[PDB]
Amino acid sequence: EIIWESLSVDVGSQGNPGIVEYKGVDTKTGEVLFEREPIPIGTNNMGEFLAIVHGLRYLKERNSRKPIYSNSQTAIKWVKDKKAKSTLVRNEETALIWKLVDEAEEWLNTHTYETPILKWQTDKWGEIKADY
DNA sequence: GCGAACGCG
DNA sequence: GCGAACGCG
Ligand SMILES: [Mg+2]
């Protein structure tokens, strides 16, 4: 069933592409462990990808073997493949989201981890604790 | 390759 | 309606 000793991440989108925020919380308590301030233009899947990679970096900094829960099977696969397969144009308006994605891919390409990245089963378990 | 035909905000 | 992931020549 649920591994309560874990990190849960999720994205808050206003439009898609549109304003992106994300956060990571303690699955057990809902305590906010990290939060990303609004990024003016991104896609939902780019935000979910960034949330998982921020989680990987957060747990590594703290010598944690906790798994990560995401409700985004798309983003879980992007992280496994070390590539965010986004369609979003690269122009002046999207430079920030793409800089963050490119830096996240660089991190994945230059680090190893054991962190399990698990699917949060929303239908079966209810909303992920990191939900906005 | 051409375009059609989950889990949101 | 968005970003994701067939038959035909
Ligand atoms: Mg959510």
Side-chain angles (χ1 to χ4, degrees):
Chain A
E1 53 180 309
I2 298 161
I3 300 170
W4 292 99
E5 296 293 340
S6 63
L7 177 69
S8 289
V9 301
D10 193 21
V11 175
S13 289
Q14 304 165 56
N16 178 40
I19 303 159
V20 169
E21 300 172 274
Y22 68 71
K23 66 169 179 282
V25 309
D26 190 302
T27 302
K28 180 165 291 190
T29 68
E31 180 169 12
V32 177
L33 301 180
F34 57 86
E35 294 188 81
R36 183 57 172 83
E37 311 202 77
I39 301 153
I41 300 171
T43 70
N44 190 74
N45 286 326
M46 287 166 113
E48 295 277 12
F49 177 82
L50 294 179
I52 295 166
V53 178
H54 195 318
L56 288 172
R57 295 179 71 162
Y58 175 92
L59 291 172
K60 179 176 291 294
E61 285 179 329
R62 288 159 182 75
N63 292 319
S64 178
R65 296 180 62 236
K66 289 174 191 278
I68 296 169
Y69 281 108
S70 173
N71 64 24
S72 182
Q73 180 66 44
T74 297
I76 292 166
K77 174 61 170 171
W78 286 6
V79 172
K80 173 169 195 181
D81 289 351
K82 307 190 185 284
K83 186 185 168 55
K85 195 161 160 182
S86 174
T87 64
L88 183 71
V89 63
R90 287 178 183 260
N91 65 25
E92 197 177 59
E93 254 59 26
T94 68
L96 172 56
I97 192 75
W98 269 117
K99 178 177 127 72
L100 295 178
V101 164
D102 292 332
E103 289 173 347
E105 290 185 4
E106 177 65 355
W107 188 88
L108 292 172
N109 283 142
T110 59
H111 299 81
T112 62
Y113 61 88
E114 319 281 15
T115 307
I117 307 173
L118 305 172
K119 181 60 168 59
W120 183 271
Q121 300 196 227
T122 303
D123 294 338
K124 255 121 215 215
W125 298 344
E127 276 290 355
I128 197 167
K129 194 83 88 213
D131 177 58
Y132 284 78

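Every chain is numbered from 1 and lettered A, B, ... according to where its sequence line falls, protein lines coming before strand lines.
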Exercise. May I have the distance from A/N44 (atom CG) to B/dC6 (atom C1'), rounded to whole angstrom?
Key: 11 Å
Quiz item: In whole Å, what is the span from the CD atom of A/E48 to the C1' atom of B/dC6?
Solution: 13 Å
Quiz prompt | Nucleotide C/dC2, atom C1' - distance to CD of A/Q14 in whole Å | solution = 16 Å
Quiz item: Can you tell me if A/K60 uses its side chain to pair, donor with acceptor, with the backbone of A/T112 under 3.5 Å?
Solution: yes
Quiz item: Got a donor-acceptor contact below 3.5 angstrom from the A/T27 side chain to the A/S6 backbone?
Solution: yes
Quiz item: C1'-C2'-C3'-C4' for B/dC2: north (positive) or south (negative)?
Solution: south
Quiz item: Atom CE of A/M46 and atom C1' of B/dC8: how far apart are they, to the nearest Å?
Solution: 18 Å
Quiz prompt | Sugar geometry class by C1'-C2'-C3'-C4' for B/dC6 | solution = south
Practice problem: Round to a whole Å and report the spacing from CG of A/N71 to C1' of B/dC6. | Solution: 11 Å
Self-check item: Pairing residues for A/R90 by the salt bridge (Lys or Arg N to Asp or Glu O under 4.0 Å) criterion, not counting sequence neighbours
Solution: A/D102
Self-check item: Set of ring pair (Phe, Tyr, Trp, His ring centres under 6.0 Å) partners for A/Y69, sequence neighbours left out
Solution: A/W120, A/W125
Exercise. Would you mind reading off the distance between A/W78 atom CH2 and B/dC6 atom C1', rounded to a whole angstrom?
Key: 14 Å
Quiz item: In whole angstroms, how far is the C1' atom of B/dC6 from the NZ atom of A/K119?
Solution: 9 Å
